[PDB]
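Undergrad: Mind looking over this structure? Questions follow.
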Amino acid sequence: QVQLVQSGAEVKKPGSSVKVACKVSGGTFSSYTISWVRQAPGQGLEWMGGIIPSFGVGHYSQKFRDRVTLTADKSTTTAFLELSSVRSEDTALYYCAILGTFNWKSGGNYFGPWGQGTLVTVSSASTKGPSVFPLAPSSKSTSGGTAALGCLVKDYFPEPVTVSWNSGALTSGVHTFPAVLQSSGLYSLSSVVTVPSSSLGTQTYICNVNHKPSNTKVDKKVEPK
Amino acid sequence: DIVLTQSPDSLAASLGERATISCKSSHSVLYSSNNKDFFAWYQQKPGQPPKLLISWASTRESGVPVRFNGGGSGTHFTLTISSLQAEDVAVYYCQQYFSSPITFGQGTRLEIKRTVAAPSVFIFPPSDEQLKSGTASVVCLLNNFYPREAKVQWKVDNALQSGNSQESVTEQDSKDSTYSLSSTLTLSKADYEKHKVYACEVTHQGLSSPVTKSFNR
């Protein structure tokens, strides 16, 4: 099966140009249409346009035609979405996808994989890495055989941070909350996990925080208070 | 452009119930030669790209459970989920690939209605590392509750707080259909050390009465 892998999250200042990359596995663009879909908060999914790299043709929706350009690097089978004159309103998750249309020449590839999404944040605020603080378990965070512990990921910009526990070994009981924008302009979130209260003296618990826009990696042991 | 109008915008249905989602196109998406409808249904779960469920109005993709069924033709389409299960929580989108521009419906949010579950309330004092800087965050966690509606109020030495806390709520859990909620009270270290009792008061349909969790600094 073909897989699409997009470039990482990105913050760009207003008025700048933005490029999102979409690497198509399989070594060929074949007859695919590479489409781009925007998911902005509160506006669902909107098709921006698509490129048929084998024919060097692209088409767009009226909403984006005058400020979007599609390209393809055939030496790397990578398609690129280029946004011009970015505005705050362009802060969105951008997906690439193999999605063609009947009226254009699909090659039969109306359905294909989707990429994982690229969060583009349009802001004048500068990139800032997280502070990671423990949420220590205690008598106030146990309920019988269940104890809760966590990590407070604070003062970062932009989104997103990723949080794993024990380097991905702990998944059951994990809740990572949506980030909230603080009065400061920076984001804060917490990640919590409920574990057996009997394991608290035996098992070590590490939250692994990744903030790629600042290339900050923090592993914090969470100990009982 | 072909405009897709989806119905409903939001849906809450119990486990084992049938969910019905509808889409109306402003123009037919039917190709007269083969009588194929160029219409698809997608499912988007939290944190993931949309996943194709149904192509050609009624063709189920591999790996999609048989509970998922698509129907209709021309301008009117329906997605039927039989015997809803916890992992069906998602936003569902219709899509037309007949004519450019490709268009999507606006999305239907599907919530699972389960039995009322009271939150387990947990509280966390600020870390001393955080206190080594000039700030102190106090976190109240409401874990694994249903329904989503809950009220969290902060009291510091019995004085109600306003404007210095923020809430975040998870998406509905795909296994137990519960929510979790964090309320964070943020104070300067200076203000945190002036007071002794930090209390989170939680009111929720599943609680015998307003429960309050606190700690003494």
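Just remember, in the structure tokens the first chain shown is A, the second B, etc., residues are 1-based per chain, and ligands are 1-based in the order shown.
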Compile the contact shell of region 82-99 of chain B as a PDB file with C-alpha atoms, in the first residue's frame: residues with an atom at most 7 Å away, counting only C-alpha atoms, same-chain residues fewer than 2 positions apart removed.

TA:
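What follows is the written file selection38.pdb:
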```pdb
ATOM      1  CA  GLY A 100      -8.917  12.571  -7.877  1.00  0.00           C
ATOM      2  CA  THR A 101     -12.078  13.714  -9.621  1.00  0.00           C
ATOM      3  CA  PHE A 102     -14.132  12.312 -12.471  1.00  0.00           C
ATOM      4  CA  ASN A 103     -14.158  15.555 -14.501  1.00  0.00           C
TER       5      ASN A 103
ATOM      6  CA  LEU B  15     -24.502   1.459  22.305  1.00  0.00           C
ATOM      7  CA  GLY B  16     -26.436  -1.058  20.111  1.00  0.00           C
ATOM      8  CA  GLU B  17     -28.630   1.659  18.555  1.00  0.00           C
ATOM      9  CA  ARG B  18     -28.680   2.537  14.831  1.00  0.00           C
ATOM     10  CA  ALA B  19     -27.180   5.869  13.739  1.00  0.00           C
ATOM     11  CA  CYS B  23     -26.119  14.026   2.812  1.00  0.00           C
ATOM     12  CA  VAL B  29     -23.246  12.958  -8.709  1.00  0.00           C
ATOM     13  CA  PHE B  38     -19.234   9.362  -7.282  1.00  0.00           C
ATOM     14  CA  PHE B  39     -19.892   9.747  -3.532  1.00  0.00           C
ATOM     15  CA  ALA B  40     -17.945   8.576  -0.476  1.00  0.00           C
ATOM     16  CA  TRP B  41     -18.192   8.518   3.340  1.00  0.00           C
ATOM     17  CA  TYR B  42     -15.234   9.151   5.675  1.00  0.00           C
ATOM     18  CA  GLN B  43     -14.712   8.650   9.401  1.00  0.00           C
ATOM     19  CA  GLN B  44     -12.338  10.906  11.340  1.00  0.00           C
ATOM     20  CA  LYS B  45     -11.297   9.847  14.815  1.00  0.00           C
ATOM     21  CA  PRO B  46      -9.485  12.213  17.198  1.00  0.00           C
ATOM     22  CA  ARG B  67     -22.407  -2.552  10.551  1.00  0.00           C
ATOM     23  CA  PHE B  68     -21.455   0.343   8.219  1.00  0.00           C
ATOM     24  CA  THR B  80     -26.265   3.802   8.390  1.00  0.00           C
ATOM     25  CA  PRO B 101     -13.760  21.270  -6.855  1.00  0.00           C
ATOM     26  CA  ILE B 102     -14.039  18.243  -4.601  1.00  0.00           C
ATOM     27  CA  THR B 103     -16.412  19.121  -1.771  1.00  0.00           C
ATOM     28  CA  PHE B 104     -17.101  17.674   1.660  1.00  0.00           C
ATOM     29  CA  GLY B 105     -20.117  17.842   3.909  1.00  0.00           C
ATOM     30  CA  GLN B 106     -19.717  19.924   7.018  1.00  0.00           C
ATOM     31  CA  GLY B 107     -19.296  16.917   9.313  1.00  0.00           C
ATOM     32  CA  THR B 108     -21.528  14.991  11.702  1.00  0.00           C
ATOM     33  CA  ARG B 109     -20.224  14.516  15.234  1.00  0.00           C
ATOM     34  CA  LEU B 110     -21.258  11.160  16.693  1.00  0.00           C
ATOM     35  CA  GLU B 111     -21.338  10.845  20.483  1.00  0.00           C
ATOM     36  CA  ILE B 112     -21.977   7.589  22.331  1.00  0.00           C
ATOM     37  CA  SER B 174     -13.193   5.085  22.128  1.00  0.00           C
ATOM     38  CA  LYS B 175     -13.323   2.163  24.621  1.00  0.00           C
ATOM     39  CA  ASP B 176     -15.383   3.274  27.661  1.00  0.00           C
ATOM     40  CA  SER B 177     -17.185   6.309  26.126  1.00  0.00           C
TER      41      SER B 177
END
```

Undergrad: Using only C-alpha atoms, which chain B residues lie at most 8 Å away from chain A, written as a short mmCIF file (atom, residue, chain, number, x, y, z; two decimals) with C-alpha atoms, in the first residue's frame?

TA:
```
data_model
loop_
_atom_site.label_atom_id
_atom_site.label_comp_id
_atom_site.auth_asym_id
_atom_site.auth_seq_id
_atom_site.Cartn_x
_atom_site.Cartn_y
_atom_site.Cartn_z
CA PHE B 38 -19.23 9.36 -7.28
CA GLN B 48 -6.10 10.99 12.91
CA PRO B 49 -6.65 11.72 9.22
CA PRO B 50 -10.08 10.91 7.79
CA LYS B 51 -10.44 7.24 6.89
CA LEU B 52 -12.49 6.09 3.90
CA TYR B 97 -15.58 13.30 -6.36
CA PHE B 98 -17.76 13.77 -9.46
CA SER B 99 -16.79 17.33 -10.38
CA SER B 100 -14.03 19.68 -9.31
CA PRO B 101 -13.76 21.27 -6.86
CA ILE B 102 -14.04 18.24 -4.60
CA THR B 103 -16.41 19.12 -1.77
CA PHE B 104 -17.10 17.67 1.66
CA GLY B 105 -20.12 17.84 3.91
CA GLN B 106 -19.72 19.92 7.02
CA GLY B 107 -19.30 16.92 9.31
CA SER B 120 -13.08 10.26 40.09
CA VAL B 121 -11.73 13.60 41.31
CA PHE B 122 -7.99 14.00 41.79
CA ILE B 123 -5.97 17.06 42.76
CA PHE B 124 -2.27 17.88 42.33
CA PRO B 125 -0.29 20.59 44.15
CA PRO B 126 2.32 22.58 42.22
CA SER B 127 5.71 21.01 41.74
CA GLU B 129 10.43 22.93 40.23
CA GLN B 130 7.54 25.10 39.07
CA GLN B 166 -8.69 27.17 32.52
CA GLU B 167 -10.41 23.92 31.56
CA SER B 168 -9.60 21.31 28.95
CA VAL B 169 -11.75 18.27 28.12
CA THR B 170 -10.70 15.15 26.22
CA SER B 180 -11.93 13.44 31.37
CA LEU B 181 -11.47 17.06 32.33
CA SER B 182 -8.61 19.10 33.74
CA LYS B 213 -11.26 17.85 46.75
CA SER B 214 -8.70 20.08 48.41
CA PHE B 215 -5.24 20.14 49.93
#
```

Undergrad: Select, from A:86, A:163, A:9, A:79, the residue with the minimum atom-to-atom distance to residue 64 (chain A), counting only C-alpha atoms.

TA: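 Of A:86, A:163, A:9, A:79, the one nearest residue 64 (chain A), counting only C-alpha atoms, is A:86.
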
Undergrad: If you run DSSP over the backbone, which residues in region 55-191 of chain A end up strand (DSSP E)? Put them as a VMD selection string.

TA: chain A and resid 57 to 60 68 to 73 78 to 83 92 to 98 118 to 122 131 to 135 142 to 143 146 to 156 162 to 165 174 to 176 180 to 181 187 to 191

Undergrad: Any chance you could list, as a ChimeraX atom specification, the residues in region 117-224 of chain A that come up helix (DSSP H, G or I) when DSSP is run on the backbone?

TA: /A:139-141,166-168,197-201,212-214

Undergrad: Which neighbours of residue 25 (chain B) fall inside 7 Å, counting only C-alpha atoms, when residues of the same chain fewer than 6 positions from it are skipped, and could you give them as a PDB file with N, CA, C and O atoms, in the first residue's frame?

TA:
```pdb
ATOM      1  N   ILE B   2     -20.565  21.820  -6.403  1.00  0.00           N
ATOM      2  CA  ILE B   2     -21.570  20.908  -5.802  1.00  0.00           C
ATOM      3  C   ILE B   2     -21.482  21.071  -4.291  1.00  0.00           C
ATOM      4  O   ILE B   2     -20.429  20.773  -3.716  1.00  0.00           O
ATOM      5  N   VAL B   3     -22.571  21.523  -3.695  1.00  0.00           N
ATOM      6  CA  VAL B   3     -22.603  21.754  -2.231  1.00  0.00           C
ATOM      7  C   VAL B   3     -23.229  20.534  -1.560  1.00  0.00           C
ATOM      8  O   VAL B   3     -24.325  20.129  -1.965  1.00  0.00           O
ATOM      9  N   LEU B   4     -22.525  19.980  -0.578  1.00  0.00           N
ATOM     10  CA  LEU B   4     -23.055  18.826   0.189  1.00  0.00           C
ATOM     11  C   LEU B   4     -23.569  19.316   1.541  1.00  0.00           C
ATOM     12  O   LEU B   4     -22.792  19.912   2.303  1.00  0.00           O
ATOM     13  N   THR B   5     -24.844  19.068   1.794  1.00  0.00           N
ATOM     14  CA  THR B   5     -25.446  19.468   3.076  1.00  0.00           C
ATOM     15  C   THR B   5     -25.689  18.197   3.893  1.00  0.00           C
ATOM     16  O   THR B   5     -26.492  17.352   3.473  1.00  0.00           O
ATOM     17  N   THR B  75     -28.748  12.553  -5.659  1.00  0.00           N
ATOM     18  CA  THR B  75     -28.652  13.771  -4.817  1.00  0.00           C
ATOM     19  C   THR B  75     -28.798  13.427  -3.332  1.00  0.00           C
ATOM     20  O   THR B  75     -28.348  14.225  -2.503  1.00  0.00           O
ATOM     21  N   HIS B  76     -29.442  12.307  -3.023  1.00  0.00           N
ATOM     22  CA  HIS B  76     -29.710  11.958  -1.609  1.00  0.00           C
ATOM     23  C   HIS B  76     -28.966  10.688  -1.202  1.00  0.00           C
ATOM     24  O   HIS B  76     -29.155   9.645  -1.844  1.00  0.00           O
TER      25      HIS B  76
END
```
